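Here you get one chain, nothing else, as structure tokens; it is the form deposited in one PDB entry.
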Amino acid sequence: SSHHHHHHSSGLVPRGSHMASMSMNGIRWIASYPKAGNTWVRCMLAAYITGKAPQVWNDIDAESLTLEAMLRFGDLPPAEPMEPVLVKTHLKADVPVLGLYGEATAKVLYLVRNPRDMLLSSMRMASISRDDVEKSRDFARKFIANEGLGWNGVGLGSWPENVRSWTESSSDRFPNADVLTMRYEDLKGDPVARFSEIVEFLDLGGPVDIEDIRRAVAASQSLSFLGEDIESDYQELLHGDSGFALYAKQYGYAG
């Protein structure tokens, strides 16, 4: 009977090195809005580093693996890390806590997704069938009204807030950090190509093994049906120079 985290340790003793005889340290944030890619990348990453992907049945499971779940219990990733630390979060780049990793942060992976999809996939978080249209409308109505899911100057923020925080992060909040940005739809289109780019970009050490990545991969909408006014109101969001719209058009989710 072994501990459920044994795969996170080599368990080799005494420990040896490939770098010495006789990749850059820092935090790697895997960041996205809910249902916008960072759980999948966070699972794939485990598979690559560890050999074994975590067991994620639902959103509660997925939330276990975030900075936020870690915070609810008073823990924190290291701020003076001696190695690569990968931490998933959906939090906005400018919430106070992440103030502590200014110097610490090495890499930012930000993933965005079509908010149509985020919106629907989210409706499964709140435990809504496709048949309680009533509940759906209320959720979508509250989503469209908020331009996102942060309804209960911090937390997730609106979609455009979240996006602007991480994508603009390198300039001030994370000076030593490089930032890569990837649309979920692209990942889903070419997952092996794309995840190999992510692993290069995250600089965990050594040559990316494209076979190591293929195995690590294998492990892994209109709103009319809710009502005219839903689809309609969401479409106002995509019109503008104002923010939701700017981002929706830059990421190819408006037309």
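Throughout, we count residues from 1 along the sequence that is shown. Here the rigid core means the biggest group of C-alpha atoms that line up within 1.5 Å when the two forms are laid on top of each other.
The stretch of deposited sequence separating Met22 from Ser23 contains 4 to 9 residues lacking coordinates in this entry. Coordinates are absent for 10 or more residues of the deposited sequence placed between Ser220 and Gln221. Higher mean CA B-factor, judged across 158-166 and 174-182 from the recorded values: 174-182. In this entry, 201-209 has the higher mean Cα B-factor, the comparison being between 46-54 and 201-209. As recorded in the entry, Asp132 carries the highest CA temperature factor of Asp132, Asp94, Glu147, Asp117. Note on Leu111, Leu76, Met123, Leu86: the highest value goes to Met123, judged by CA B factor as recorded. When the CA B factors of the chain's modelled residues are split into thirds, the value for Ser10 lands in the lowest one. Among the modelled residues of the chain, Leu98 sits in the lowest third by CA temperature factor in this PDB entry. Sort the modelled residues of the chain by CA B factor and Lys188 lands in the middle third.
The deposited CA B-factor of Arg194 belongs to the middle third of values across its chain. Among the modelled residues of the chain, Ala62 sits in the middle third by CA temperature factor in this PDB entry.
Below, we refer to the form deposited in another entry, which is not included among the displayed structures.
For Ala193, the Cα coordinates differ by under 2 angstroms between the shown form and the other one after the core has been superposed. Residue displacement note: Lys52 has its CA displaced by at least 2 Å between the shown form and the other one (rigid core superposed). A displacement of less than 2 angstroms separates the C-alpha positions of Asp203 between the shown form and the other one, with the rigid core held in common. Relative to the shown form, the CA atoms of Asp61 and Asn146 are pushed 3 Å or more farther apart in the other form. Whereas the shown form places them at one spacing, the Cα atoms of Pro77 and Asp61 lie at least 3 Å closer in the other form.
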